[PDB]
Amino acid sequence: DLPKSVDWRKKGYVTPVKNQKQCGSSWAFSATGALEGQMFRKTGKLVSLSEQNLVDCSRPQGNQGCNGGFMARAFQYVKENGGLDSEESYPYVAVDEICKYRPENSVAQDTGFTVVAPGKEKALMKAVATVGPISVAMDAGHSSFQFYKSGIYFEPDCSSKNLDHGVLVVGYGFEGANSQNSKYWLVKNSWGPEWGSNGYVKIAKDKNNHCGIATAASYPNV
């Protein structure tokens, strides 16, 4: 019995929109967004986490910094490392740099991560309703996504299998009175608040896993 709509931004779980600039680090922003919501659920405090800590330090786990990476490998790094620094103490500079992780500045931890059933939008909906914001991969390789402005995004050129961008599902919704009318996923991007709808995009929901949103979803266990 899941809610007809969810929006974690309205419960305090989501930090203001960030900007990855010219660095292939969307996976790091999707991972800090998910950990930010789980740490808030655990402590009641919303603390911005360091994407640069992940960019610089998680190559042992398989990430490649500004050249790409995966949210699961980020949650694996946080677990093996024993922590993750705050954004304030380890600022983002959008280029690969030397790892400067400082344990004394850690404000988050995880014990591992949970994988949502691949390809299953109903498993993703259950995770979003019961856990908090969820890290997901999607195909953002389209001019229509770069210039998205408002409304429910639906792009026929979208692939559900070949993905290139890590984002955060912070909720889901519908329009009008019928909960099944015009359903959408509420997605936080990391291209600045100026992109899209104050930094977010509504992606069509329950339309055959549009853009791959439920193909490779996960969240950290705290």
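The first residue of the shown sequence is 1; numbering continues from there.
Notebook entry, point to check: Taking the other compared entries of this protein, do a third or more of them lack coordinates for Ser179?
Noted result: Yes: coordinates for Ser179 absent from at least a third of the compared entries.
Notebook entry, point to check: Mean C-alpha B factor from the entry: is it higher for 27-35 or for 61-69?
Noted result: It is 61-69.
Next item on the list: On mean C-alpha B-factor from the PDB entry, just flag whether 109-117 or 130-138 is the higher one.
Entry: Of 130-138 and 109-117, the stretch with the higher C-alpha B-factor average is 109-117.
Next item on the list: Please pick out which of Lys202, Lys207, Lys11, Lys18 has the largest Cα B-factor as recorded in the entry.
Entry: Among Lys202, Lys207, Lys11, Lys18, the PDB entry lists the largest C-alpha B-factor for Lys207.
Checklist line | Cα B factor band for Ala217 (lowest, middle or highest third within the chain) | finding: It belongs to the lowest third of the chain when residues are ordered by C-alpha B-factor.
Margin query: Please say which third, lowest, middle or highest, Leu84 falls into when its CA temperature factor is compared across its chain.
Written below: Ranked within chain, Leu84 CA B lands in the lowest tercile.
Next item on the list: Going by the recorded CA B-factors, say which third of the chain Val95 sits in, lowest, middle or highest.
Entry: It falls in the top third of the chain.
Notebook entry, point to check: Among the chain's modelled residues, which third holds the C-alpha B-factor of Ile152?
Noted result: Its C-alpha B-factor belongs to the highest third of this chain's values.
Next item on the list: Tell me, lowest, middle or highest third: where does the Cα B factor of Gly166 rank within its chain?
Entry: It belongs to the lowest third of the chain when residues are ordered by C-alpha B-factor.
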